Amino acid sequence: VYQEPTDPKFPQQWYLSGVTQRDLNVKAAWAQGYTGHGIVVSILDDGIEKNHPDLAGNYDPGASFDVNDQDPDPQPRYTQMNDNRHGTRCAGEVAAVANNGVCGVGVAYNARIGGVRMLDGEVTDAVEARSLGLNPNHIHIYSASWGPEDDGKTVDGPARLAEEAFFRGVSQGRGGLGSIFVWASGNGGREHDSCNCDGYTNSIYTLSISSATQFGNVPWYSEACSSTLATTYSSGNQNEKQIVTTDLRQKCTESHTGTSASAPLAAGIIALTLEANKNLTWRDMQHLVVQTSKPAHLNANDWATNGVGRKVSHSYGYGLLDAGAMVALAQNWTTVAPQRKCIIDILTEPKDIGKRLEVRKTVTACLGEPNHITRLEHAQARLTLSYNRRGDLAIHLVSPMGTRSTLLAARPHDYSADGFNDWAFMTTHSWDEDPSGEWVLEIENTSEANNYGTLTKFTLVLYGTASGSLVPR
């Protein structure tokens, strides 16, 4: 009979388990025997307190490096303001030691945990690449609670070295099964930011994770976008509980918050899932998340049923992670077929945007070719356009099965006249749909201003397979 942790703050970890059902169903995974043994997670952040009483037992120097100072030791830099506490808080969410009379427990409290010290310094492209590419045959899962500025006017993503690190990781990492990159979708909610303007979250190679409050609401900091895949609990208003984890200076905190707390909880759940089936590929893991995540009782005004009967929201992706369901489905999972890529250049001429532009195109999705896709995974609309005030644009993409993805919502602070230069807006909302048929792109001016610009390129990029479908939900 499984015995739950006795740690002093475990009763305050409301998001791990409870009678109430407002949790991530993590105790159910523990009771199936999965606690993370043998899985290696690295926190890419501002360092990790490797001697913390709730981390030392799980600490893994092979999962760690200091990119900022170019040494093996990721110890945080101690300051009066405790600026470099962030990575230690994230690490405890994944892998804080259980049943040791200290603080609470990690989701994967028997996993090995490391940290890359890379945020405490200039975060260049090379710095990101060296962190994302660290020991990729030892580290299984990388967790990143950072990214481009959430001011609601930035469009930015991985530069060349970092993107090369993503492709090398998913292609050759973890013995060719592919590194698992987990990303926090962003804190730009107050600025009406869109997490599709962040190339890290918008990447197909990352599992972008959003947040829900204890009472099941969209937190103030949350960013909505179509690239988000799923959700874990985090902080909300001051009547709602927060996240319990290891803090800097060997302390315990019950007030870890924001998007930063959601990605590590997802990384811990993915660690449990990898223990249940170490042969899962990076794409397998995303399929598992899509199939098992739970919308129920998460409040949003945009819940929609996609072409295969799954509920999807721009605030939550496919909903809350469910650790018990993840580890159960993982055990007899059949590896997905190799990923196909079908490139469809849509436009035959540039199109003036004006007040509203609609582009309709019927595609065959590479019918008759080895990259024929009947089972969609990610879809991208790679757009090149000029516009005088970027944040007045709203962009939607409708799949042949009728699923409307918001690629870009209005961003009031985005005054840029720089437009989009082949920006690969991504949606997860048509996962498992047949992409043959009519796709519709809509670009509209959401303001009364007399704005102007031109769409000069629209590449529809479809990823997926041609086999293995389930009967729709």
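Position 1 is the first residue in the sequence shown; the rest follow in order.
Determine, for stretches 107-115 and 200-208, which one has the higher mean CA B-factor as deposited. Per the PDB entry, the higher value belongs to 107-115.
For the C-alpha atoms alone, is the average B factor greater in 456-464 or in 5-13, going by the entry? Comparing averages over the C-alpha atoms only gives 5-13.
Name the residue from 63, 424, 408, 441 with the greatest C-alpha temperature factor listed in the entry. Reading the PDB entry, the winner on C-alpha B-factor is 63.
Take the CA temperature factors straight from the PDB entry and tell me which of 144, 328, 269, 342 peaks. When the deposited C-alpha B-factors of 144, 328, 269, 342 are compared, 328 is largest.
Among all modelled residues of this chain, ranked by Cα B factor, put residue 413 in the bottom, middle or top third, i.e. lowest, middle or highest. Residue 413: CA B-factor falls in the middle third of its chain.
Mind checking which third residue 99 falls in for C-alpha B-factor across the chain? It belongs to the highest third of the chain when residues are ordered by C-alpha B-factor.
Place residue 334 in the lowest, middle or highest third of its chain's C-alpha B-factors, as listed in the PDB entry. Highest third, going by the recorded CA B-factors of the chain.
Going by the recorded CA B-factors, say which third of the chain residue 420 sits in, lowest, middle or highest. Middle third - that is where residue 420 ends up once the chain's C-alpha B-factors are sorted.
Give the position of residue 68 by CA B-factor within its chain, expressed as the lowest, middle or highest third. CA B-factor rank for residue 68: highest third.
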